[PDB]
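Some notes on the structure that comes next.
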Amino acid sequence: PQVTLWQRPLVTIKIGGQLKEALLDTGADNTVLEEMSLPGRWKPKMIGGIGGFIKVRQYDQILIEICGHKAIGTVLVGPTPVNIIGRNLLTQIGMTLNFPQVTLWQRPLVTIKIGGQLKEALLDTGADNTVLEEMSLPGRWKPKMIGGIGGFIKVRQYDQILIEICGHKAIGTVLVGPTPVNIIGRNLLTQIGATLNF
């Protein structure tokens with residue numbers, strides 16, 4: 001199947017005998033599910049994201065069937081706002097990002113040019129919005145709060161910003177604030193024709 005990004009790329013998963021929906025998330029190293037019943041031993045772990053950190057339970061060698069494709073790997077369970085399938089499992093179901101084709105054995109980073117400046121950013125299918133670390137941008141902006149795995153951050157919202165993503169021009173909203181990593185979200189991914197294929 002090929003997946004465009006005008007809507008969140010949600011799939012049905014089966015894990016621990018249970019059916020859930022989850023987000024195919026190229027921006028996530030790891031797979032993180034909301035609190036759920038799983039069997040067996042687990043290890044405590046802290047993971048970070050926009051908003052800060054959360055404590056999770058790490059389960060290893062968990063079988064998960066993602067859109068009918070079987071994968072085995074590590075699953076983290078804890079207070080994430082959304083179930084996310086990260087690259088540790090996306091690689092097992094043959095997931096690629098197309099806009100150039102991009103496998104997901106490494107973070108899908110691209111070079112962007114924005115506000116006259118060159119930056120690196122993560123192609124993030126799990127992100128509705130585009131969020132960049134603190135930077136100098138020209139013009140008016142509006143305060144906004146956005147949420148993520150660890151809670152919320154305050155950002156500055158700039159509209160009608162031109163970004164050149166891997167040489168492809170897009171115009172749209174860019175949020176600027178204390179994100180750990182520069183993220184290109186679906187609002188711009190759709191403009192460069194990005195698809196998810198597995």
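In this chain, numbering begins with 1 at the start of the sequence shown. Computed from heavy atoms alone, side chains included, the values below leave out hydrogens, waters and symmetry copies.
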*Taking salt bridge (charged side-chain N to carboxylate O under 4.0 Å, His left out) as the test, write out the residues that go with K169, two or more places apart.*
none
*In Å and rounded to the nearest 0.5 Å, what is the CE to CG distance from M95 to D25?*
12.0 Å
*Counterpart residues, side-chain hydrogen bond (donor to acceptor under 3.5 Å, both in side chains), relative to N88 (two or more places apart)*: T31
*May I ask you to test the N197-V3 pair for a side-chain heavy-atom distance under 4.5 Å?*
no
*Nearest non-hydrogen partners of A170 and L188, listed with the distance*: CB-CD2, 4.0 Å
*Over all heavy atoms of both residues, which pair between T179 and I153 is shortest? Give the atoms and the distance, please.*
N-CD1, 4.0 Å
*Find out whether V32 and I149 are in side-chain contact, i.e. whether some heavy atom of one side chain is under 4.5 Å from a heavy atom of the other.*
yes
_How close do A127 and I183 get, counting heavy atoms only, and between which atoms?_
CB-CG2, 3.6 Å
*Among residues two or more places apart or on two chains, list those pairs meeting salt bridge (charged side-chain N to carboxylate O under 4.0 Å, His left out) that have a residue in residues 189-198.*
none
*asked:* Who clusters with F152? Use side-chain heavy atoms, under 4.5 angstrom, across I, L, V, M, F, W and Y, and order the result by chain and number.
replied: none
*Pairs flagged by salt bridge (charged side-chain N to carboxylate O under 4.0 Å, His left out) wherever residues 188-198 is involved - sequence neighbours left out*: none
*Evaluate the side-chain proximity of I85 to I64: yes if any heavy-atom separation is below 4.5 Å, no if none is.*
yes
_Under 3.5 Å donor-acceptor, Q18 side chain and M36 backbone_ = no
*Just do the side chain to side chain contact (heavy atoms under 4.5 Å, CB included) check on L63 and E65 with the steps written out, would you?*
CA-CA 7 Å; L63 168 65; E65 298 161 35; 4.2 Å; yes
_Using modelled atom types and a 3.5 Å cut-off, is there a donor and acceptor pairing between side-chain atoms of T103 and backbone atoms of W105?_
no
_Residue list, side-chain contact (heavy atoms from CB on, under 4.5 Å) with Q106, at least two apart or on another chain_ = none
*Return the set of residues passing side-chain hydrogen bond (donor to acceptor under 3.5 Å, both in side chains) with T173 (not counting sequence neighbours), or none when no residue passes.*
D159
_My understanding is that only residues two or more places apart in sequence, or in another chain, count here; which of them pass side-chain hydrogen bond (donor to acceptor under 3.5 Å, both in side chains) with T96?_
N98, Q101
*Kindly say whether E120 contributes a backbone atom to a donor-acceptor pair with the side chain of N182 at under 3.5 angstrom?*
yes
*asked:* How close do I192 and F99 get, counting heavy atoms only, and between which atoms?
replied: O-CB, 3.5 Å
*Residues two or more places apart in sequence or in another chain: which of them pass side-chain hydrogen bond (donor to acceptor under 3.5 Å, both in side chains) with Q92?*
none
*asked:* What verdict does the side-chain hydrogen bond (donor to acceptor under 3.5 Å, both in side chains) test give for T195 and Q2, after you've listed the backbone C-alpha separation in whole Å, the side-chain angles of each residue and the deciding distance to 0.1 Å?
replied: CA-CA 7 Å; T195 62; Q2 179 161 257; 3.3 Å; yes
*For the residue pair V56 and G78, what are the closest heavy atoms and their distance?*
CG1-CA, 4.1 Å
*Do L23 and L189 share a hydrophobic cluster (ILVMFWY, side-chain heavy atoms under 4.5 Å, transitive)?*
no
*Using the test salt bridge (charged side-chain N to carboxylate O under 4.0 Å, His left out), find all partners of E35 that sit at least two apart in sequence or belong to another chain.*
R57
*asked:* Between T26 (side chain only) and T125 (backbone N and O only), is there a donor and an acceptor less than 3.5 Å apart?
replied: yes
Can you list, pair by pair, the side-chain donor-acceptor contacts under 3.5 Å of residues 8-17, counting residues two or more places apart and other chains?
| residue | atom | partner | partner atom | Å |
| --- | --- | --- | --- | --- |
| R8 | NE | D128 | OD1 | 3.2 |
| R8 | NH2 | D128 | OD2 | 2.8 |

*Would you give the length of the straight line joining atom CG of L33 to atom OH of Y59, rounded to the nearest 0.5 angstrom?*
11.0 Å
*What are the two closest non-hydrogen atoms of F198 and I66, and how far apart are they?*
CE1-O, 4.5 Å
*Under 3.5 Å, side chain of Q191 to main-chain N/O of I171, donor-acceptor pair present?*
yes
Compile the donor-acceptor pairs under 3.5 Å between side chains in residues 40-49 and protein atoms, sequence neighbours left out, one pair per line.
none

